[PDB]
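Q: sequence, then the experimental structure. Questions to follow.
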Amino acid sequence: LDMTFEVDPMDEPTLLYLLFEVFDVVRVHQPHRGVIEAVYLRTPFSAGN
Amino acid sequence: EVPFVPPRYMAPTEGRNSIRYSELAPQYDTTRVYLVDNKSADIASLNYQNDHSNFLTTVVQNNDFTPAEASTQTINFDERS
Amino acid sequence: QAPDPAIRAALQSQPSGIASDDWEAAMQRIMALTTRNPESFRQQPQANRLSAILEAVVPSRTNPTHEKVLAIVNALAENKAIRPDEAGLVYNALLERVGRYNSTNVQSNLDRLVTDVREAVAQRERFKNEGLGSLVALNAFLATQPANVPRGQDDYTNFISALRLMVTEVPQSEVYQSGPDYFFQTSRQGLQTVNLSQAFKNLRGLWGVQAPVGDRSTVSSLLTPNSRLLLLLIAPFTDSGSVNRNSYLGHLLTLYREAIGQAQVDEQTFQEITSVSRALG
Amino acid sequence: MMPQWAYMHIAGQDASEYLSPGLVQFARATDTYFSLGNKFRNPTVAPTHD
Amino acid sequence: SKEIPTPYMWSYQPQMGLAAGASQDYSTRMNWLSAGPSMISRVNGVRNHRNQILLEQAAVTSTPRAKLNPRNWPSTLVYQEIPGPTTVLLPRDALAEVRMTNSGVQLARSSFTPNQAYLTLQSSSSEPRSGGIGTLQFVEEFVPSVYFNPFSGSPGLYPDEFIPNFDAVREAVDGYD
């Protein structure tokens, strides 16, 4: 993916802030009295399991 | 009579010995993962209060991802083992 | 009919001539047993006369998985589970899925499933031809207004029977429909002749009312054209209890039975009269 | 007077009653993207004699 | 209204000989908006009587068919011209002319020989035509369609081939692309 943003000039250094909209989600399991186990997912822009 | 010719099959690609990563193929059985002081300003943003005796680095080395971009990704071994 | 899904997989996934599957025929090309041309294999150049013997004496082993999965995908396409243009990415989605978790267990229940989808495809055409999806919808409609409780006569029982009979018989699958609210019969799938059957709120007060025979244009000549259409549609299923004086409804049925008779004898004599169809008079 | 009023929808049936039911289904099914509701008259007659 | 619908009027495509969809008879209709209840009821009765003669005429003159407006017509449903055999009468006793001229004579039913021959030819085209249909068949097909309770069923069973750009072979509508 390529994106070109055209923007007005500013006398100070600035940042383009992008939000790639995504499904960032978790599921949480609690099978025994002493424990909690979380499964994460982020569908585009993933970070594993 | 006729000859019996049993079928071939593909070993399971997320098998019990698979070593998964999101952007590439699964490796199997063994690899290397490397814990090295990656200097560049993207990872130096985590070095700031630190020194070489206690530091945060990225083990993810997919060269078209910048070290910041790659740092949030994950290496993900088979949960059955 | 819709074809065999496993034939239509094998037909597009497998060798066109001899394979390492049809060993029994290869061992009649070899050995010169083939009665139609015994000496043909004897005349092949050594370059392919010898390699053919190898693949017959020690057969190549193969992976069958792609033929199993495609025999599912072709079935899913024919049963209209998936759009035909999804078949390449549904094939791939299954191939990665069953290769990711591959085992002798999976390989067996793909085989079980190839028989199941092959039978499901054969059953689905029966389930469209038998019209059962319409007969269930009619049987649901008959719960909506007073079953087995008319007033002026029980010719209402014969008319209800004529609906079940007609919707069983008529082979273009006359579609009974729940609508959004009211129940409908479409008749033929091109719909021109749809009846709103919950609008037999006419044909309630009319059971038993005797025919005012001398002139149809009279005080009780009420029926909406939607109701006249239902009578005209069922007419070839209706002698039981409907004879003229039994009701105005019986009289309408005795006219519409013969009006249909008139239409098809005038077709038989029109297709005769039009013999030349071109200038000769 | 009444067919004029039932034909210009001043009296009689609701849009949920005079429209072909296919259009009524289509309307309900697409009403959150592209709303056809404002395009049909609903009459609201008052109770008369009692 | 749903019980006294206006008829759909089928259009024709002279290149193809196929029906180019249909639309209601928006060009034969009587304004009743200044009539009263009795006068309006006669307008309805006069339109009911029309709807009957259309359903009746379709039953008497139409090939009975499962698909409305089929995009090809079997050769058995088309009207072929079937003209009778051609018999020609041959101008020459050709065998007599060669033996005559070899003996030295010269030429310009042919008085030196009594013989004639009549030769009969098939006259009709060598395979029965199939395709679309001509205007005389088209008008004996395609009688106006009276659609009661119009658009009542499920989509996929609406009379889609009324739509003038529906590609009836594949349930899709013919775009510009």
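A: Alright, I've got the coordinates. Residues are numbered from 1 along each chain as shown, chains lettered A, B, ... in the order given.
Q: can we go C-alpha only for contacts and neighbour counts from here?
A: Noted.
Q: show me the longest helix that occurs in chain E.
A: The longest helix of chain E (DSSP state H) is helix E:37-60.
Q: make that chain B, sorry
A: Longest helix in chain B, counting by DSSP H: helix B:41-47.
Q: so residue A:39 is in which element?
A: strand A:37-42 (DSSP states H and E).
Q: packing partners of that strand?
A: strand A:24-29 (3 or more C-alpha pairs under 8 Å, 6 or more residues apart in numbering or on different chains; DSSP states H and E).
Q: which residues does the strand it packs on contact?
A: Strand A:24-29 is contacted from outside by A:36, A:37, A:38, A:39, A:40, A:41, A:42, A:43, using C-alpha atoms under 8 Å, 6 or more residues apart in numbering or on different chains.
Q: mind listing the helices for chain D?
A: Under DSSP H, chain D gives helices at D:2-7, D:15-18, D:21-30.
Q: so for chain A, which of these sits nearest?
A: Judged by C-alpha to the nearest C-alpha, the one of the helices of chain D that comes nearest to chain A is helix D:21-30, at 25.3 Å.
Q: list, one by one, the residues from chain D near chain E.
A: Taking C-alpha under 8 Å from any C-alpha of the partner chain as the measure of proximity, chain D contacts chain E at D:1, D:2, D:3, D:4, D:18, D:20, D:21, D:22, D:23.
Q: kindly identify which of those also come near chain A.
A: Among the residues of chain D next to chain E, chain A is touched by none when using C-alpha under 8 Å from any C-alpha.
Q: quick one: which of these is the most crowded by neighbours?
A: residue D:21 (22 neighbours; other C-alpha atoms under 10 Å in any protein chain shown).
Q: next up, the contacts around the nearest residue to that one once chain neighbours are set aside.
A: Nearest non-adjacent residue to residue D:21, counting by C-alpha to C-alpha, 6 or more residues apart in numbering or on different chains: residue E:152, 5.2 Å away. By C-alpha under 8 Å, 6+ apart, the contact list for residue E:152 reads C:179, C:184, C:194, D:20, D:21, D:22, E:158.
Q: quick check: the second one vs residue E:3, distance?
A: In this view, residue C:184 and residue E:3 are 13 Å apart by C-alpha to C-alpha, to the nearest Å.
Q: the third one now?
A: Distance, residue C:194 to residue E:3, by C-alpha to C-alpha: 10 Å.
Q: between the two, which one's more packed in?
A: The neighbour comparison of residue C:194 against residue E:3 (other C-alpha under 10 Å) goes to residue C:194, with 27 against 18.
Q: in a helix, residue C:77, correct?
A: Yes - counting by DSSP: H, G, I helix; E, B strand; the rest coil, residue C:77 is located in a helix.
Q: how many residues are close by it?
A: Here the number of neighbours of residue C:77 (other C-alpha under 10 Å) works out to 18.
Q: how about residue C:54?
A: 11.
Q: in three-state terms, how would it be classified?
A: What three-state DSSP gives for residue C:54 is helix.
Q: how close does it sit to residue C:33?
A: Counting by C-alpha to C-alpha - residue C:54 and residue C:33 are separated by 18 Å.
Q: same question, residue C:95
A: 41 Å.
Q: settle it for me: which of the two has more neighbours?
A: Set side by side, residue C:95 and residue C:33 show more neighbours around residue C:95, with 17 against 14, by other C-alpha under 10 Å.
Q: and the residue in chain B positioned nearest to chain A, how far from residue B:19?
A: Closest residue of chain B to chain A, C-alpha to the nearest C-alpha: residue B:73 (4.1 Å). Look at residue B:73 and residue B:19: by C-alpha to C-alpha, they are 14 Å apart.
Q: since that was my last question, I'll sign off now.
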